[PDB]
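Structure first, commentary second.
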Ligand SMILES: O=[N+]([O-])c1ccc(OP(=O)(O)O)cc1
Ligand SMILES: O=[N+]([O-])c1ccc(OP(=O)(O)O)cc1
Ligand SMILES: O=[N+]([O-])c1ccc(OP(=O)(O)O)cc1
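Protein chains in written order, with our numbering: chain A, 298 to 684; chain B, 352 to 741; chain C, 81 to 160; chain D, 352 to 741.
Here is the structure:
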């Protein structure tokens with residue numbers, strides 16, 4: 298049966314998500330797709346054609362792919378120290394949970410940024426020795442602050458471990474976007490447009506809305522604590538519109554970030570996902586060589602007993618490569634997958650995957666912050682089970 | 352023939368514009384042997400240090416409330432092993448948070464002993480890098496001095512600890528929890544218990560959580576830029592003699608203000624009475640406040656530290672272990688300033704400091720008011736006194 | 081099959097379906113008892129990593145209490 | 352000037368309906384310095400505590416049988432290193448079981464020293480979570496008091512140990528094994544040996560495994576809900592003053608009942624005679640029961656514990672190590688109630704407790720009958736006496 302529809306319709310019928318779209322492609326063509334629910338529960342408008350989503354950290358694989366392109370082109374390399382491009386990142390310090398501060402004993406590199414092993418953290422990180430100082434500095438909160446200036450403020454704060462030595466999901470993709478700007482003399486949104494979006498015909502993807510985008514923007518729900526005091530337990534899963542403050546503007550021509558901030562559509566994100574199966578456009582234009590794509594996808598960070606975790610939530614059987622998660626042990630996985638399946642997700646519950654063993658890609662688009670229901674993994678499992 | 356190094360230290364500090372006013376006294380065999388004063392009550396006015404000047408002693412409150420706990424143990428109200436949840440069920444089912452966002456139930460009950468040793472897993476609002484201090488600040492545990500002790504404890508009780516009770520050491524709000532548990536166990540207020548069991552018998556008439564009737568004109572001005580409850584600083588505040596803003600954390604005339612870990616006003620003379628008593632457990636007249644057996648139980652080294660040593664916000668207390676009342680010198684060859692084996696006492700945020708040295712039958716106290724001092728005046732005065740007493 | 085059908089998932093805490101399994105404790109061979117520090121999941125049950133034992137388990141810190149409770153012995157008792 | 356905290360403790364316990372009747376005595380320099388009684392013989396009848404009241408002292412039997420072992424060592428019957436299998440071949444070829452169902456041969460012989468230190472690997476029927484206690488209960492080792500010591504030991508000998516002899520510590524039935532090995536080595540009965548070598552010389556006329564002829568009317572009633580040999584409890588039995596059913600585990604008039612780890616009846620006065628003797632190894636008249644060298648051998652700390660400390664059924668004995676006769680205080684800074692370095696003694700299941708404190712030439716004993724007390728009356732009485740003796 299159509300497990301994907303059953304999952305999505307159950308979520309809508311239980312008042313857990315307002316609206317959901319999905320598509321799964323094989324060999325670059327749709328084999329499953331659908332939608333459930335509405336754009337917004339307040340007026341129950343149907344999900345529009347080419348509906349627009351805040352994809353949050355699904356921005357990261359895109360910005361990471363751009364960095365790989367610049368590496369291939371010789372702009373910098375995995376081992377390049379970031380201080381070479383912005384000296385504000387010379388002389389970093391490292392703080393610990395016992396209030397001890399000392400100089401970093403290793404320089405932060407491009408590779409560290411792409412692997413979240415640089416020692417940065419995130420404003421919303423619970424129990425973190427530095428997240429209070431991120432919150433005070435409004436790093437995530439102040440969406441109106443130019444990328445360049447936000448980085449100056451971040452650069453003055455201590456890391457939470459010595460670069461290279463541990464893993465922690467972090468604001469490092471934003472650092473990467475900034476370093477890209479320093480290295481190229483170009484803005485990251487312009488680079489993304491020219492090198493990735495245009496070639497893949499992703500006309501609806503950017504850090505601001507298309508001129509006709511307002512009526513297509515999905516409403517966002519949920520109570521997650523994104524820049525306030527980190528919650529000691531998850532907020533109740535209730536469909537109430539989320540307040541994004543000034544963290545995520547719709548029409549700021551200078552808003553650009555590395556770790557979040559893109560608006561996209563299901564169709565646009567599917568084009569990016571399909572490309573990751575080969576490094577080419579559908580017409581056959583190369584965006585990244587097979588060699589460098591293999592370098593980007595190979596498992597690079599391996600995890601101990603407790604596995605990969607973010608705010609203590611597990612990613613069972615996953616390792617980290619230069620673009621996001623990668624399945625390295627089906628016997629440890631918590632939901633259907635195959636060896637080498639890779640991808641990432643976003644705070645508003647958007648999720649995608651690429652499964653090279655099946656030449657398969659999939660994406661679930663929805664808008665819920667702080668979900669207590671792992672819709673992304675439920676939809677991947679459903680799709681896997683339908684092959 | 353040794354010169355007066357005590358006066359020299361105090362004088363230099365005042366002449367260097369580092370502290371406004373400083374008073375000190377060192378007693379031996381219960382009688383003053385060195386004493387002095389330097390500077391003024393306040394720098395704005397240069398009013399002279401009044402007779403019986405009054406100081407906010409902050410954590411020098413801790414040895415007093417700890418001593419009261421020991422008296423109650425001696426009297427059978429509770430024991431070191433008593434789980435605090437027996438007296439306040441709000442402390443049943445504690446959780447423990449870590450630096451990786453992981454929360455789990457505590458695997459051990461918090462006891463009276465844990466509170467007196469700072470091994471309960473509590474923290475403090477100003478603790479830099481702490482997995483929970485952000486939640487303390489949001490709750491305004493320290494900032495909101497007007498909140499009753501009992502109500503503040505209800506808010507604290509809902510927060511997780513930062514390690515499992517008994518398994519580590521971290522200087523903390525646990526003495527406030529102890530003051531509260533004392534009230535739960537006895538059905539009395541901690542300020543009344545302190546008044547009747549300690550202050551009255553020792554004639555400490557100027558000591559309490561609010562100013563005496565004639566106290567306002569005797570209150571020393573407090574200086575410095577330490578932030579007691581704001582975002583913890585990444586480096587020490589500059590040492591500048593500017594008056595400190597205490598907000599509403601340390602009221603002068605709130606008849607219900609009472610705490611375990613700070614909040615007392617006292618005077619040099621009153622505190623010396625307490626310190627001298629600690630040499631024997633008796634009042635000068637010979638009333639026993641605490642038997643020699645239980646005083647020995649309280650002073651014996653109880654928490655021992657591992658290479659890193661005892662630290663608070665990463666500042667070292669070199670060669671010190673912890674007993675039920677505060678610090679205790681356990682290795683002179685690791686000490687960072689003059690002392691003798693067994694020397695004990697504590698200090699307060701505004702740079703007040705005292706010690707008791709049983710090998711010399713000596714006590715010492717320096718009183719001053721500076722929050723966030725970059726100069727360890729307490730240890731400098733102790734070292735000076737040690738150097739002067741053979 | 082029920083996982084494939086979406087009834088629950090490997091990571092589902094069992095207490096979500098029967099709250100009698102909230103607040104489990106853990107015993108050891110030295111008589112020490114403490115609260116469990118992790119919730120039991122469907123995956124734990126399928127892998128025998130939940131911490132349960134068996135009435136007939138020799139040397140087990142809890143099998144005596146299973147035997148006293150007749151868990152295996154009392155076949156007539158309803159599963160629930 | 353210190354008030355009578357001993358009477359206060361006892362009184363409160365009786366007035367709170369927590370214990371039926373309590374007697375205590377503290378001696379210094381071999382003469383009574385504090386003493387008293389509180390409550391009644393039995394709550395049903397409220398009969399007053401009789402003269403020379405008799406108590407089941409349970410594991411306060413252990414220091415007595417241990418002391419007899421030391422006398423026999425001094426006399427050359429055996430040595431600390433003697434393998435017990437030399438005296439009873441039933442203890443040849445022991446096995447060791449673990450919590451994972453694995454059984455293997457013991458890699459070391461059990462010695463006299465192992466039995467006196469509870470390091471032989473034996474356990475006890477009531478031990479919660481134990482790899483072997485289920486088999487002890489099936490065998491009715493404790494329950495069947497009517498079974499001769501010699502026969503019970505044959506049944507025990509067939510069971511595996513829970514660790515290899517010498518490698519760990521667990522409070523156990525090993526003192527019963529010792530009593531038995533004493534009988535094997537000497538060809539005499541342990542009760543006769545105790546009578547001749549210890550009770551007679553110390554004039555302990557009311558002490559033995561059966562009641563004196565006029566004993567029944569003097570026997571204190573025993574209360575409480577602890578289950579001595581049933582399925583071990585997952586949490587403490589409620590503390591309720593209801594008479595306890597001892598079944599046939601503790602007969603009053605069985606001329607062959609004798610054990611190493613429990614079973615003696617005694618009186619406060621008789622036990623104080625034993626305790627006082629332990630200060631010197633001599634009778635009041637000056638007969639040597641045990642030379643100073645061997646008494647020192649017996650009292651020196653012999654088993655040292657690792658962070659977790661000494662525990663029995665997970666209850667702590669904080670700051671205590673173990674010597675050949677029972678507990679010994681080795682760190683006052685880890686102690687959970689007042690004491691001095693070197694204080695030693697033991698206690699019994701029905702809440703009887705005694706201590707000897709060589710630094711004060713002091714002994715103390717509290718007698719009461721409550722099985723499974725949730726209130727540590729023994730330690731409370733010790734703390735009270737310590738507080739009263741400077
Ligand atoms: O900017 N943000 O609010 C923000 C940025 C990144 C986040 O992380 P994610 O949940 O992995 O997308 C979550 C929130
Ligand atoms: O409440 N307070 O502001 C506060 C309490 C305790 C303190 O700790 P101290 O520096 O050891 O006195 C410091 C400040
Ligand atoms: O035989 N018994 O019933 C028995 C034997 C030993 C006991 O151990 P205790 O509590 O240390 O006296 C308790 C009970």
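Beta carbons are placed, not taken as given, at the ideal position from N, Cα and C, and that holds for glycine.
Hey, out of the options, whose CA is closest to residue i's CA?
i: residue 471(D); options: 424(D), 716(D), 500(D), 527(D); result: 527(D)
i: residue 510(D); options: 489(D), 499(D), 501(D); result: 489(D)
i: residue 740(D); options: 380(D), 373(D), 365(D); result: 380(D)
i: residue 587(B); options: 391(B), 726(B), 359(B), 365(B); result: 726(B)
i: residue 710(D); options: 693(D), 633(D), 464(D), 418(D); result: 693(D)
i: residue 353(D); options: 385(D), 373(D), 596(D); result: 385(D)
i: residue 383(D); options: 735(D), 732(D), 716(D); result: 716(D)
i: residue 140(C); options: 479(D), 474(D), 417(D); result: 479(D)
i: residue 465(B); options: 499(B), 539(B), 617(B), 515(B); result: 515(B)
i: residue 417(A); options: 442(A), 506(A), 445(A), 386(A); result: 386(A)
i: residue 142(C); options: 485(D), 462(D), 475(D), 469(D); result: 485(D)
i: residue 498(B); options: 614(B), 676(B), 440(B); result: 614(B)
i: residue 652(A); options: 493(A), 570(A), 589(A); result: 570(A)
In three-state terms, what does DSSP make of residue i?
i: residue 415(D); result: helix
i: residue 426(A); result: coil
i: residue 616(B); result: strand
i: residue 443(B); result: coil
i: residue 438(D); result: coil
i: residue 666(A); result: strand
i: residue 570(B); result: strand
i: residue 685(A); result: There is simply no residue 685(A) to check, as chain A begins at 298 and stops at 684 in what is shown.
Classify residue i: buried if its beta carbon has 16 or more other beta carbons within 10 angstroms, exposed otherwise.
i: residue 97(C); result: exposed
i: residue 683(B); result: exposed
i: residue 495(A); result: exposed
i: residue 687(D); result: buried
i: residue 398(D); result: exposed
i: residue 589(B); result: exposed
i: residue 81(C); result: exposed
i: residue 421(A); result: buried
Does the beta-carbon of residue i, which I'm using as the reference point, lie nearer than 7 Å to any heavy atom of ligand 5?
i: residue 493(B); result: Among the ligands in the structure shown, ligand 5 does not appear; only ligand 1, ligand 2 and ligand 3 can be found there.
Can you pull the chain G residues whose beta carbon is under 9 Å from the beta carbon of residue i, in chain order?
i: residue 450(B); result: In the structure shown, chain G does not exist; the protein chains are A, B, C and D.
When Cβ atoms are compared, which residues of the region 113-134 of chain C fall closer than 8 Å to chain A?
From the region 113-134 of chain C, only 123 have a Cβ closer than 8 Å to chain A.
Counting pairs of beta carbons, one from the region 403-414 of chain D and one from the region 706-723 of chain D, are three or more of them closer than 8 Å?
In this structure the region 403-414 of chain D lies against the region 706-723 of chain D, because at least three pairs of beta carbons, one per stretch, are closer than 8 Å.
Taking beta-carbon pairs under 7 Å, can you tell me which members of the region 84-100 of chain C lie near chain A?
Listed in sequence order: 84, 86, 89, 90, 91.
Tell me, please, whether the region 382-398 of chain B touches the region 645-652 of chain B by the rule of three or more beta-carbon pairs shorter than 8 Å.
Result no; under three Cβ-Cβ pairs closer than 8 Å.
Residues of the region 652-664 of chain B with a CB closer than 8 Å to any CB of chain D: list them in chain order, please.
If the cut-off is 8 Å between Cβ atoms, the region 652-664 of chain B has 652, 653 near chain D.
Inspect the CB distances between the region 658-670 of chain B and the region 395-411 of chain A and report whether three or more fall short of 8 Å.
By the Cβ criterion, the region 658-670 of chain B is in contact with the region 395-411 of chain A, since at least three pairs of Cβ atoms, one from each stretch, lie closer than 8 Å.
Using 8 Å as the cut-off, can you tell me whether the region 362-381 of chain D makes contact with the region 136-154 of chain C, which would need three or more C-beta pairs spanning the two stretches below that distance?
No: the two stretches stay apart, fewer than three of their Cβ pairs being nearer than 8 Å.
Contact residues within the region 431-452 of chain A, judged by C-beta distance below 9 Å to chain B:
Considering only beta carbons, the part of the region 431-452 of chain A lying closer than 9 Å to chain B consists of 432, 433, in chain order.
For the region 645-675 of chain A, which residues have a CB atom closer than 9 Å to at least one CB atom of chain C, in sequence order?
Within the region 645-675 of chain A, those residues whose Cβ lies closer than 9 Å to any Cβ of chain C are, in chain order, 671, 674, 675.
What are the residues in the region 570-599 of chain D lying within 7 Å of chain B by C-beta distance?
Here the close residues number zero.
Is the region 569-586 of chain A in contact with the region 371-379 of chain A, if contact means three or more CB pairs nearer than 8 Å?
Segments in contact, no.
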